Each structure stands twice: as structure tokens, then as C-alpha cells.
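Enquirer: The following block contains the structure, expressed as C-alpha cells.
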Amino acid sequence: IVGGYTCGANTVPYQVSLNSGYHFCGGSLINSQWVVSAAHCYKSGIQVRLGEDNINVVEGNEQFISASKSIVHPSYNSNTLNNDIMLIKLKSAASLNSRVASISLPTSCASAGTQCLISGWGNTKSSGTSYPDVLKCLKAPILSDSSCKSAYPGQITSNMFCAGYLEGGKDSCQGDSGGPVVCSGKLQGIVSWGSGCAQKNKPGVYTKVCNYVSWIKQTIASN
Ligand SMILES: c1cnc2c(c1)ccc1cccnc12
Ligand SMILES: [Ca+2]
Ligand SMILES: [O]
Ligand SMILES: [V+3]
């Protein structure tokens, strides 16, 4: 997260770190047994880390639970990043309390202009590299479909939305992938892609979670 702020420990209690020996992506806890992340975050050997603030120190609220199964969306296209969503089933159920809690799926899509909370442990620089140990946060508005399409002509599908600031300075970045975009208490986005980070006229692009609730529910119903 470039241009954000330190969230404060366990104030984003649905935020997960995906670990394969190291943090490589975020995700969102949607119930005691399932995490939503980006399909482009797929890898084998994932451990889900819940209750994290500093990802390099055991602070006392963590739950570390291995994935038993990962399910990339059937129509995920890694070339276009269309349908950039994946479900991760936990080997054992998370214990839900104030420091670890699920985030609700949407019933309806979010509106443009809605201020959302984006979070993660990604790069905090738009040029150069600096990775934070504690969870970073960013408040960012959903942008119009037309502004999004103007920013990335020929690249935005109906399963994507832009959020952020056309002036630059504030964005998600490398290592935030797969993490939440929460608007009015619903998981509306997943950190997907952009063109650099925090550049003028290049806002972040997010998977539009409201288009996947049927697939999520059906999948959870049978796995
Ligand atoms: C870890 C983190 N981010 C990424 C990947 C792995 C792989 C692909 C990709 C494409 C767009 C944005 N982020 C990532
Ligand atoms: Ca920790
Ligand atoms: O990334
Ligand atoms: V990334």
C-alpha cells in the first residue's frame, strides 16, 4: 500500500496473509473455513495466517492453518486477469473472535464514489522498494466504469473496477495482491492489478466480487 497508514493491530480482522515460506499475497476470511484471494495468487503449499499484525513477530493472536484445497475460478484468464478470484479451503476451522473475524459477501454491487478500505503488506513506494512488517490501510473511492476504461483502454471487463485517485499518490502495490477491498461492510473487491503503483491516471484495478457470489456459494456448498 502506497500512501496509506498503519491500520492498527487486528483492526482489519478478516485480513489474511498467504505464506509459502514468506508472505506473498493477501486474502479475506469469508467464514470459518474459507478464504477469498486472487487467482493470480495461486501456488501450491499455502499456509493461511490469520490474526496477523506484524508478519515477522509472533504477537499472540495468530492462527496458522494450512490450505487443504485451492480453487481458481473456472474462467480465470491469466493473460487478461479476467475472473481473478480463487477460494482457499482451510484444513481446520478458524476460531472467530474480535482479532479474527469473517467479512460478509455482497448481496449487491457497490456504488461508484463509495469509500472503501484496502489493506495489505505490499510495497509502500511507487518508485523503489520498501515492504512493511505491520498491516497497512488505505481509504479509496470506487471510480466510474468510464474513468476506469479511459485509464486502461481495451483492458477493463465487467468483472473489474477501479478504485483510488487519478492524481496518484495512493494505491495498492506489489504484495497486496489478493487482499480485500471492503465497502459498507462487504467484501466488494480483491486487489488484482494496475500499472505500477500510485501513478497519475493509473488507479488500481480490483476483481468485482459481487459478480462471483453465486459461484462462491455453490463452491462452498460442495467443498
Ligand atoms: C504475487 C503478488 N502479486 C502478483 C503475483 C504474485 C502474480 C501475478 C500478479 C499479477 C498482477 C498483480 N500482482 C501479481
Ligand atoms: Ca505476527
Ligand atoms: O503484484
Ligand atoms: V501483486
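Enquirer: Do we have residue 9 as hydrophobic (A, V, I, L, M, F, W, C) and either outside any strand (DSSP E or B) or farther than 22 Å from residue 213 by Cα (or both) here? Write out each step before concluding.
Expert: Details: hydrophobic (A, V, I, L, M, F, W, C): yes; either outside any strand (DSSP E or B) or farther than 22 Å from residue 213 by Cα (or both): yes.
Answer is yes for this residue.
Enquirer: Could you please let me know if residue 221 is small (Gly, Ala, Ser) and either in contact (Cβ under 8 Å) with a residue 60 or more places away in the chain or within 16 Å of ligand 1 (Cβ to nearest atom) (or both)? Step through it out loud before you land on a result.
Expert: Values: small (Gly, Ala, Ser): yes; either in contact (Cβ under 8 Å) with a residue 60 or more places away in the chain or within 16 Å of ligand 1 (Cβ to nearest atom) (or both): no.
Considered against the rule, which asks whether it is small (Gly, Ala, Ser) and either in contact (Cβ under 8 Å) with a residue 60 or more places away in the chain or within 16 Å of ligand 1 (Cβ to nearest atom) (or both), residue 221 comes out as no.
Enquirer: Looking at 108, 119 in this structure, which one is outside the structural domain of residue 216 (by CATH) and within 16 Å of ligand 3 (Cβ to nearest atom)?
Expert: 119
Enquirer: Output the residue which, of all residues in the range 189-201 that are within 14 Å of ligand 3 (Cβ to nearest atom) and free of Cβ contacts under 8 Å to residues at least 60 places away in the same chain, is surrounded by the fewest Cβ atoms within 10 Å (Cβ to Cβ).
Expert: By that ranking, first place goes to 195.
Enquirer: Does at least one position in the range 48-62 carry a residue that is in a strand (DSSP E or B) and among the polar types (S, T, N, Q)?
Expert: no
Enquirer: Among the residues of the range 165-175, which ones are farther than 19 Å from residue 6 by Cβ and either buried (at least 23 other Cβ atoms within 10 Å of the Cβ) or of a type in the set (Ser, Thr, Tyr) (or both)? Break it down stepwise before answering.
Expert: Residues of the range 165-175 farther than 19 Å from residue 6 by Cβ: 165-168.
Answer for the range 165-175, where residues must be farther than 19 Å from residue 6 by Cβ and either buried (at least 23 other Cβ atoms within 10 Å of the Cβ) or of a type in the set (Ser, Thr, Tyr) (or both): just 165.
Enquirer: Given the structure, is residue 204 surrounded by 23 or more Cβ atoms within 10 Å (Cβ to Cβ), in contact with a helix residue (DSSP H, G or I) (Cβ under 6 Å, 6 or more places away or on another chain) and among the small types (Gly, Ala, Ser)? Step through it out loud before you land on a result.
Expert: Values: surrounded by 23 or more Cβ atoms within 10 Å (Cβ to Cβ): yes; in contact with a helix residue (DSSP H, G or I) (Cβ under 6 Å, 6 or more places away or on another chain): no; among the small types (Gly, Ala, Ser): yes.
The answer is no for residue 204.
Enquirer: Identify the residue in the range 176-185 that is crowded, with 22+ Cβ neighbours inside 10 Å and of a type outside the set (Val, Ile, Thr) and, among all such residues, is nearest to ligand 3 (Cβ to nearest atom).
Expert: It comes out as 177.
Enquirer: So residue 24 clears everything in (1) over 18 Å from the mean Cα position of the chain (by Cα); (2) surrounded by 13 or more Cβ atoms within 10 Å (Cβ to Cβ) except one condition, right? Which one?
Expert: (1)
Yes/no per residue for (1) of a type outside the set (S, T, N, Q); (2) crowded, with 16+ Cβ neighbours inside 10 Å; (3) closer than 28 Å to residue 51 by Cα:
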site: 81; (1), (2), (3): yes, yes, no
site: 94; (1), (2), (3): yes, yes, yes
site: 103; (1), (2), (3): yes, yes, yes
site: 119; (1), (2), (3): no, yes, yes
site: 130; (1), (2), (3): no, no, yes
site: 135; (1), (2), (3): yes, yes, yes
site: 159; (1), (2), (3): no, yes, no
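Enquirer: Pick out the one residue from 65, 88 that is surrounded by 12 or more Cβ atoms within 10 Å (Cβ to Cβ), away from ligand 1 (no atom under 16 Å from the Cβ), over 13 Å from residue 15 (Cα atoms) and in the same structural domain as residue 23 (by CATH).
Expert: 65
All Cβ positions, even for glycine, are placed from backbone atoms using ideal geometry, and neighbour counts span all protein chains on display. The values are calculated or read from the model by the stated rules, or taken from the named source; no laboratory read-out is quoted.
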